[PDB]
Every structure is written in structure tokens, then in C-alpha cells.
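To start, the structure itself, in C-alpha cells.
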Amino acid sequence: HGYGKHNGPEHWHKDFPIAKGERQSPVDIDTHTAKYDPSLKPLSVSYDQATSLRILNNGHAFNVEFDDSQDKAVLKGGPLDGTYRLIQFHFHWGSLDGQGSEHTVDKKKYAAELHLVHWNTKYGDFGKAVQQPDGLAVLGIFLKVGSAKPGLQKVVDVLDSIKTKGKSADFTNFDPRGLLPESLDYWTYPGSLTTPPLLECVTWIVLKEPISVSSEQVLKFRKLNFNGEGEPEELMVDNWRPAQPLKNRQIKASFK
Ligand SMILES: [Zn+2]
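Laid out in C-alpha cells, this is it:
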């Protein structure tokens, strides 16, 4: 299962029937049909004690992993009940600046999309959380090409050391607060993981405000490999799933 022409997202349903489910992600966000919901609370992001451990090329993307054995970096408030711990973040990007994001806004695609994955502490661990309808909370942040994002450069510089699938590198003292936009206004809806096993266990929180990265920064994403060392080289690009039907779901907005 990958993003190629013979094993891309359009084939996934064969191994994972839930791919054609009722709350699949990503989706197109229609800003004019999103419902303003005054009952929604502001997001509470507490990343000040975050402990990054490692960066890994898993063949789908690269993951920056965090210590989630304590409430060090947590997400609360918003549409969430309870405390969600940060476990990892990763990106989806395109082969061109005009595509790469998974979610779209009024059909507009962005250059890339950042996913910060958190799990609901009441379920004890990530593996158990994914089996629950309220197990995960994923914070989605759009990337557009323009000015460089200083807080992203540490990630970019290390990519050379994890070029191929299975490669990992120590990655300590990275502060994820450097990746957040100024405003935390958001849309929220119930959805799924966007890669297999595509479990419908995610509360999506998609920030309205994109961050800017430079052409050179996103360019270095595109030099990674889907393949492992010694195998024929396949550039890691367009690792994004297409928008899925909204079906019986309403997208809510924390702003007007
Ligand atoms: Zn993702």
C-alpha cells in the first residue's frame, strides 16, 4: 500500500473496506456551509514541556516522535473532552507547489499539510485509543509557499540522514511551538486516519490560518525516498489522500 499508480489510495479499499466508510478523511471544507458553533471552546495547546525523541522515514512520510509516557505535551479544550497527548507529527506534500495538502478549503489545495497526532489519555496507550471513536485528536495545519519558516529548518536539515524507508535519527529538543500560526481559529469534524488502517477514530481540528514555508524548504521534502536503501529510487512526493465524501457529517467552525 502506497501512493503509486497500482497501489495508491484508490486501491486501499481492497485491503481496508473501511476506506469506503461513513466518516473518512480528508474532506473538502466548504467555508460557506460550515456551521459557526458558539459552544466551541478555544483550543488549549500546552507544548512547553515537549520531549522529541526521534525522526523516522516510515515509507509513507517522515515522523517526528515524542515522549508520550507523561502529560508533557497535551491538547485540550476545543471540541475535545479530556486530555490528548502528542505522540508524533508528520507532513503530506506534493510534487508541485499547487498540490500536497489532504484537506482542501473551498476546493483550494495547499503545498503541504502538517498533522500533529494526539491520543486520548483515558485509553492508556495509542494502540487502544485508535480503536475508539474519540481516541485521537489530529491538529491539521496548512503550508503555503512564501517566506521561510525558521522553526522548520531543524527538521529540513536532518532529512538527508533519513532519506530511505526504515532510516531513523536521534532528534532531541525540537520545539513544536515553532510550527504554529498566530491564530488558533479552527474547523472541526469527526473523521479517520488518512493512511491505512484508516480507522474512524479521529476528531479533526483544522486551523484556518496557514503557515508559510520557503520554496527551498518544501523542495527538500521532495528529495526523500519511498523505497529502502538498495532498492530502485522512488521520490517521496504526492503522499496525500484525495478528499472523501462528507456524507452524514457537519463541519463546525470556532469563528465567524
Ligand atoms: Zn497525516
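The sequence shown lines up with residues 5 to 125, 127 to 261 when you count with PDB author numbering. Where a beta carbon is used, it is the ideal one built from N, C-alpha and C, also for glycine.
Buried versus exposed, by CB contacts within 10 Å (16 or more), residue i
| i | result |
| --- | --- |
| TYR40 | exposed |
| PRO138 | exposed |
| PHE260 | exposed |
| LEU240 | exposed |
| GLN28 | buried |
| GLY98 | buried |
| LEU212 | buried |
For residue i, the nearest candidate out of the options (CA to CA)
| i | options | result |
| --- | --- | --- |
| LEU224 | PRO202, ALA153, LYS252 | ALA153 |
| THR37 | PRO46, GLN136, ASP110, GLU214 | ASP110 |
| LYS172 | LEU100, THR199, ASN230 | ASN230 |
| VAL161 | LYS113, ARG182, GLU221, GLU117 | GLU221 |
| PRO83 | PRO46, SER73, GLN53, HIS96 | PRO46 |
| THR177 | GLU187, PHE20, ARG58 | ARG58 |
| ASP180 | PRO30, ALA77, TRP209 | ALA77 |
| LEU185 | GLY8, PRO155, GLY102, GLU69 | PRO155 |
| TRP192 | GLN255, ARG227, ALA134 | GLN255 |
Helix, strand or coil at residue i according to DSSP, with G and I counted as helix
| i | result |
| --- | --- |
| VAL78 | strand |
| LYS39 | strand |
| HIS122 | strand |
| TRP245 | coil |
| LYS18 | helix |
| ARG58 | strand |
| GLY196 | strand |
| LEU185 | coil |
#### Entry: Any alpha helix (DSSP H) of 4 or more consecutive residues that is wholly inside the region 80-112
none
### Query
Counting only runs that start and end within the region 127-172, where is the alpha helix (DSSP H) found for 4 or more residues in a row?
List check, alpha helix (DSSP H) in window: 131-134, 158-163.
#### Entry: Residues with C-beta closer than 6 angstroms to any heavy atom of ligand 1, in chain order
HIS94, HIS96, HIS119, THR199
### Message
Restricting to runs no shorter than 4 residues, where is the alpha helix (DSSP H) found entirely within the region 198-241?
### Response
220-226
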